Amino acid sequence: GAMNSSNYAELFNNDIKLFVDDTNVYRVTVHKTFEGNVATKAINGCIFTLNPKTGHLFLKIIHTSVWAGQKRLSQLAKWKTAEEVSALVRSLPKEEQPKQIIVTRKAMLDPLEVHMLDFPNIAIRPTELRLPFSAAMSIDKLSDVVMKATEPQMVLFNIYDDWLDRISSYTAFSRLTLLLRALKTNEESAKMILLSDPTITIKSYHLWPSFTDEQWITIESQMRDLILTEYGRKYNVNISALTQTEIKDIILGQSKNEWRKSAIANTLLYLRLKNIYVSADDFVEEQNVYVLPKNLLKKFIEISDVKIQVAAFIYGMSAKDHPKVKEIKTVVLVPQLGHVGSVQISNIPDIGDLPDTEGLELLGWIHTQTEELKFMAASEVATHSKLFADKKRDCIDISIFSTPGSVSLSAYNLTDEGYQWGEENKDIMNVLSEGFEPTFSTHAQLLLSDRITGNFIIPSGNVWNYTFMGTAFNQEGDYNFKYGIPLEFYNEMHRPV
């Protein structure tokens, strides 16, 4: 079973996998020796070994000393790669050793297999993707250490920089392959994109410029721009006639202790409440005004996670002479399978059987996130459309962004463009947002208030976080509910036995 954009999803599950690229192993330069005579001398190379989940790059620098008088070097390069890749795997603890080792080029299959025979439960996979890992030398920081290299040496790198603090692995790898593919297409223009307004620089310990979550999107857009542009020259067919999958395919080449650590991290989320910022755009008196109880914010934060998104539904009502003042009365925590940058949410809850629900109107949904945007993220838009396209479109999106020291609330409505675009993308996941617009959503007037106080509705089963219980999570489920205090993200009732 080869790998293509079909099983592209599996790359990021909890099974260690390594990519191997050997395009950059055997390299030479047309260099003039003393006399002035021209001839190709061999220069340092490297093995592009990449764990796509954690972003760990095991770049093995291949010094030119190894090509010492060897015959037929290009043939040997494939066996010296297999040798070193094998050597690597064997040095990792049995827990860190991968399930699959995906090679970028067919010619690298056999050599690796031969050296990995005593490792049968470690598969050696080919790829029907012609990934842009060949352009790993574009990265000056890498290209440098390889040339700088004076002797054979194993150099470690993180290729996602610090992205994984904000976005998922899935989305991280996307951004990566997009960058590398751009460089592979037109290196100068690709770099020009990354290296304009020098106000945004690249840190020492980083390979990439320090863009904001908002800046990153424009960058990626400019990358797709640059890539599709020059695919509409090699085949010069009209680019604006591609279906999403085609665009996606063009870019690809078609410890119980770890648990208790992030749990502790969440016990500190409540501290971020001592500095609260509420997104204030310009508002018209024709707009509704949503007042959010501060206790409902305080608690929602406390039960949320530092990375993984936590979402819930919001209910409320109005008062005499002003239906435009929407009071949030209840937050409904529902069975959900959260991720990083997205959240799988179950259907709108059946709270009719509960008391005091009489008269409550569904205001929309509230959720947390790791990114920092002035607009609904592609994921949000997608989730919002699946939720309220048919039901109730005047629903709002209360987006909570949290970071050490402060929280940041924002309310959004979704234009008919957004709802419509959210349908034709039931589930896309990021860095391929061809059709996405920041103006898909507009600001909704939100106010926090310790002048009113709301309550919670929880699943009658008490559990709501199925992130670690994915198998026992029915999204179409017909769940029953009840009032009660919601539990923490890493509550011992949320962990797999």
Ranked by Cβ crowding within 10 angstrom, fewest neighbours first, how are 71, 374 ordered?
71, 374
Could you state the number of Å between the C-alpha centres of the stretch 303-334 and the stretch 222-283?
26
Simple label model, 7 Å out from Cα along Cβ direction - residue 322 to residue 68, nm
8.4
Could you list, in their original order, any pairs among 60/141; 148/234; 320/392 whose Cα atoms are separated by more than 25 Å?
148/234
Cβ-derived FRET efficiency at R0 25 Å, residue 273 paired with residue 485, nearest 0.05:
0.90
A convex hull over the alpha carbons of the stretch 1-158 yields, per residue, a volume in Å³ of 126
Considering the convex hull of the alpha carbon atoms of the chain, report its projected area averaged over all viewing directions, in nm², one decimal.
28.0
5 angstrom amide H check on residue 314, placed H, neighbours 5+ away:
332, 363, 364, 365, 366
I need 58, 157 ordered by Cβ neighbour count within 10 Å, fewest first.
157, 58
Whole-percent tail of the Cα-Cα distance distribution for the stretch 204-278, cut at 14 Å, equals 78
For the stretch 255-497, what value does the Rg/Rh ratio take when both radii are computed over Cα atoms and Rh is the Kirkwood radius, given to two decimals?
0.94
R0 = 35 Å: FRET efficiency of residue 475 with residue 449, Cβ-based, nearest 0.05?
0.60
Under the Karplus relation with 6.51, -1.76 and 1.60 and θ = phi - 60°, whole-Hz ³J(HN,Hα) for the stretch 302-316, x at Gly and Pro, equal 4, 8, 6, 10, 5, 10, 4, 5, 10, 10, 7, 8, 10, 10, x
With both bridge residues required to lie in the chain, what share of the DSSP beta bridges run antiparallel, to the nearest 5%?
60
Under unit Cβ charges (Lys, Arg +1; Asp, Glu -1), what dipole magnitude, rounded to 20 debye, does the chain have relative to its Cα centre?
1840
In whole Hz, the Karplus estimates of ³J(HN,Hα) for the stretch 458-472 (6.51, -1.76, 1.60; θ = phi - 60°; x where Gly or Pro) are 10, x, 4, x, 6, 6, 9, 8, 9, 4, 9, 10, x, 5, 9
Put a dot 7 Å past each Cα toward the Cβ at residue 128 and residue 205; how far apart are the dots in nm?
4.1
When 200, 102 are ranked with the fewest other C-beta atoms within 10 Å first, the list becomes 200, 102
With each run of n ≥ 4 DSSP H residues scored as -39500 (n - 2.57), what mean residue ellipticity at 222 nm is computed for the chain after dividing by its residue count and rounding to the nearest 500 deg cm²/dmol?
-8000 deg cm²/dmol
Name the residues whose placed amide hydrogens come within less than 5 Å of the amide hydrogen of residue 207, ignoring near sequence neighbours (fewer than 5 apart) on the same chain.
161
Too-long pairs where the Cα-Cα distance tops 26 Å, listed order kept, from 53/106; 17/307; 106/248; 78/99; 191/386:
191/386
Identify the GluC sites (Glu not before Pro) of the stretch 1-107 meeting these criteria: DSSP loop state and at most 11 other C-beta atoms within 10 Å of the C-beta.
35, 95, 96
Put a dot 7 Å past each Cα toward the Cβ at residue 393 and residue 282; how far apart are the dots in nm?
2.5
What list of ³J(HN,Hα) values in whole Hz, one per residue of the stretch 151-166 in order, does the Karplus curve 6.51 cos²θ - 1.76 cosθ + 1.60 (θ = phi - 60°) give from phi, with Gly and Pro shown as x?
7, x, 6, 9, 10, 9, 8, 10, 8, 8, 6, 10, 3, 4, 6, 9
Non-local residues with an amide H under 5 Å from the amide H of residue 4, with H modelled 1.01 Å from N and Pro and chain starts lacking one, are 128
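Every residue, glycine among them, receives a Cβ derived from its backbone with ideal geometry; neighbour counts consider all protein chains shown. Coordinate-derived values only; no laboratory data.
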